[PDB]
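Quick heads-up: it's one chain on its own, the form deposited without the ligand, in structure tokens.
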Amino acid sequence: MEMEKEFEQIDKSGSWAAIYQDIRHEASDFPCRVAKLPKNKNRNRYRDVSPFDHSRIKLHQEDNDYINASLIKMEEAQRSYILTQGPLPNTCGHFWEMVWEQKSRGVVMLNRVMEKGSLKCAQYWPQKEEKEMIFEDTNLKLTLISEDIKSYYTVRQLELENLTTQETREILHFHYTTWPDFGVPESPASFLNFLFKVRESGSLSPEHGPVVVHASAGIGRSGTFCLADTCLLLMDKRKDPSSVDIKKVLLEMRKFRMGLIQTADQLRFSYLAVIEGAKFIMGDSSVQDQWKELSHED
């Protein structure tokens, strides 16, 4: 129905909540049997957010192979993502074991450790370079190499070492610090400036494993990031950009993990982000520099 024409119609009618509730009704429902198992109670942050059995990530160990994580595999767009929860004090070792085993090169964090006076994610990475972290359970070592702090986001350079095999790898950490829980980013230009920084780094490249994207539960703010990125990839290789349906792409994504995108305003933002980002795909190179100035990263 073409996205820009569809946007103006819904904004004039004021039916954003109705369009969103229709997506919840049509969404897939698959079993989460392993996640509900009694022994895995302390491996889940929220009892209402669980991964499906068919798309869950398995750890390479005989004891317990569980972690609250899912593989989103987008066939036509040719890109994969791993969406997980913000780790608990006891699952920090499992988190980094997954990164090693799945051969990921980048971690996208869209939340903060403490939001609204409550702990939403453990401090899984070191803040000071002289204070490295050692995860005794999985035999892994983590050290901070450098950091580049901007006004609303931070890019970190980390070194992950497998102590059993003596191998070393560089992991890039992209932390968005000003995205509130159940909220939206400040502007479409600030979101896109961040997305393209992750794209130019080489983390989303097929020579590496799937990028790890998380928040507190890893469904709300993660859904908005992944929907915008996939929609932009689809209009680049289809050669008929007007045929990309946002609502249909979100329904394909929810076949792999429950509740992607939590509010009606998060859905409205995804439209604004894709429409603005379509200008770069159309051949206008100058809009990338206009996003950097409108974001005010100083």
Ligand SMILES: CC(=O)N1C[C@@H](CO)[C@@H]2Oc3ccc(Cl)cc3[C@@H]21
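Start at 1 and count along the sequence shown; that's the residue number.
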item: Higher-B stretch (mean Cα B-factor, as the entry records it), 184-192 or 219-227; value: 184-192
item: Residue stretch of maximal mean CA temperature factor, 84-92 vs 116-124; value: 116-124
item: Of the residues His54, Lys255, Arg238, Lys58, the one carrying the largest Cα B-factor as recorded; value: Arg238
item: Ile72 CA temperature factor, ranked by third within the chain; value: lowest
item: Cα B factor band for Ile149 (lowest, middle or highest third within the chain); value: highest
item: Cα B factor band for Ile261 (lowest, middle or highest third within the chain); value: lowest
item: Third of chain Cα B-factors occupied by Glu97; value: lowest
item: Modelled-residue ranking by C-alpha temperature factor, third containing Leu163; value: middle
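The form deposited with the ligand bound is left out here; the points below concern that form.
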{"query": "Any non-hydrogen atom of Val107 within 4.5 angstroms of the ligand in the deposited bound form", "finding": "no"}
{"query": "Contact of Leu192 with the ligand in the deposited bound form (heavy atom, 4.5 Å)", "finding": "yes"}
{"query": "Stretch 138-158 - residues with a heavy atom within 4.5 Å of the ligand in the deposited bound form", "finding": "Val155, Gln157"}
